[PDB]
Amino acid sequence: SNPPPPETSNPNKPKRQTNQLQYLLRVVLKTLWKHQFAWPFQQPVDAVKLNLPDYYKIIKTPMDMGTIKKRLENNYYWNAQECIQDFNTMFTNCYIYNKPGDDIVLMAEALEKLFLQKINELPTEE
């Protein structure tokens, strides 16, 4: 079976809204989410559907943009670094699991190049 997805709401975890988190939702996530290659990354890796019985024996910290979108829209995060780390983990998971040269890796690398551009433009905290 698939594991439960990463949590997106937890009453015990404090949260805030900042201009950097709003930029991560309206600019960074929005740019990647609408990209032609977004869709393998728009929901948790479905190892059952994809017939990957080893995926969740290898990847300890799965992450995907559907999870990140909900985390931002429902204020799961305290700071922008947590969200940036989620994006970074999503990319490195892809590079750990897949063969170099697989199409999913080329897709990840195109999204990552855009992510890096957008994050360098992160606004000073207001």
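For the two forms, the rigid core is made up of the largest set of C-alpha atoms that agree within 1.5 Å on superposition. Start at 1 with the first residue shown and count on from there.
Superposing each structure in 6 other deposited structures of this protein on the rigid core shows that the farther-lying of 113-121 and 14-22, by root-mean-square Cα distance, is 14-22.
The stretch 96-104 shows the higher mean C-alpha B-factor when 36-44 is compared against 96-104 in the entry. Across the two stretches, 4-12 and 116-124, the PDB entry reports the greater mean Cα temperature factor for 116-124.
Take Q85, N75, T67, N51 and read off each C-alpha B-factor from the entry; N51 has the highest. Per the deposited record, the Cα B-factor of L111 falls in the middle third when ranked against the other modelled residues of its chain. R26: CA B factor in the middle third of modelled residues in this chain (values from the PDB entry).
Sort the chain's modelled residues by C-alpha temperature factor and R71 lands in the lowest third, per the entry.
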